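Values below: every heavy atom of this structure, side chains too, minus hydrogens, waters and symmetry copies. In what follows, chains carry the letters A, B, and so on, assigned in the order in which the sequence lines appear, proteins first and then strands, with residues in each chain numbered from 1.
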Amino acid sequence: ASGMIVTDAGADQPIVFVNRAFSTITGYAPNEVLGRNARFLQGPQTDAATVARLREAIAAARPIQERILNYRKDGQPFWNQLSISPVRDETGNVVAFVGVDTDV
Amino acid sequence: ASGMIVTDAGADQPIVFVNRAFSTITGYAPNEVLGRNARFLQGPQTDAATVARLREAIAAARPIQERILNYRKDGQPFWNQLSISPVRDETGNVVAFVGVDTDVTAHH
Ligand SMILES: Cc1cc2nc3c(=O)[nH]c(=O)nc-3n(C[C@H](O)[C@H](O)[C@H](O)COP(=O)(O)O)c2cc1C
Ligand SMILES: Cc1cc2nc3c(=O)[nH]c(=O)nc-3n(C[C@H](O)[C@H](O)[C@H](O)COP(=O)(O)O)c2cc1C
């Protein structure tokens, strides 16, 4: 099943909701991640250029997909097939971001 | 501020998360709505044709926007400028639905 992360729009996009698959994939429980920016999933071999593309897309509220190296709670690396998009109201204000880690 | 509702994709879309603005707009605390289908926001003056369009769009996982009459927990009506979209993974599987609620009542 595909993981899902919901964040606030501002103040460094703290995580406000994760689905069950997020915990299966990453080994983190919700209480270990709520209120944190999702960048804690990154580690030593994460590609800096990929991180910079995510940073620019979120700053501009642009949809983006990246295959990014992340790390489980136990330190094991995994490929995250990540897609992020903004959630907007009908006046175009960004209410939240949603990220998905696609299962295969 | 606009409310946000996240639901499960399947089996009548129970609410799994609401933001703070949802509680400001609707008068419901998260405790009072988690595990429920959002249709409890509707009431006797809600337009049935609008509800039918929402039902068919959600069943098809098609994005939809409607202005719909909804009701706060204590029964006060409000007009909801509602936008619902599926959250899809890259294979096209629906992971969740997200709804954004804006109170557009012309109240005070
Ligand atoms: C909704 C959402 C979900 C995210 N999920 C992930 C993720 O699963 N893995 C990851 O490495 N980064 C994820 N990010 C990206 C980081 O939070 C951060 O935006 C990125 O590392 C770039 O910013 P930085 O250079 O400030 O770290 C997510 C961001 C958002 C808004
Ligand atoms: C994510 C999401 C958010 C929703 N938010 C609202 C809402 O704010 N107000 C509302 O009247 N219906 C809302 N609905 C629609 C109802 O849950 C339901 O789909 C609609 O009433 C049509 O189905 P029914 O005829 O079976 O009730 C939402 C649905 C989803 C999936």
Partner chain A: residue of B/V87, B/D8, B/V6 with the largest heavy-atom pair count (under 4.5 Å): B/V87
Kindly indicate whether the side chain of B/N19, heavy atoms from C-beta on, has any atom under 4.5 Å from the side chain of A/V16.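 No, too far: nothing below the 4.5 Å cut-off.
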Under 4.5 Å between side-chain heavy atoms, hopping through other hydrophobics if needed: is there a path connecting [X] to [Y]?
X: A/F22; Y: A/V100; value: no
X: B/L34; Y: B/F17; value: no
X: A/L82; Y: A/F97; value: yes

Heavy-atom count check: over 12 atoms from other residues, nucleotides or ligands less than 6.0 Å from A/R20 CZ?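 It does not: A/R20 CZ has 12 such atoms or fewer within range.
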For a quick test of reading the model, state the closest non-hydrogen atom pair linking B/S2 to A/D89 and the distance between them.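 B/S2 and A/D89 have their closest heavy atoms at OG-OD2, 3.1 Å.
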Backbone of B/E90 reached by a side-chain donor or acceptor of A/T102 within 3.5 Å: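 Yes; at least one donor-acceptor contact below 3.5 Å.
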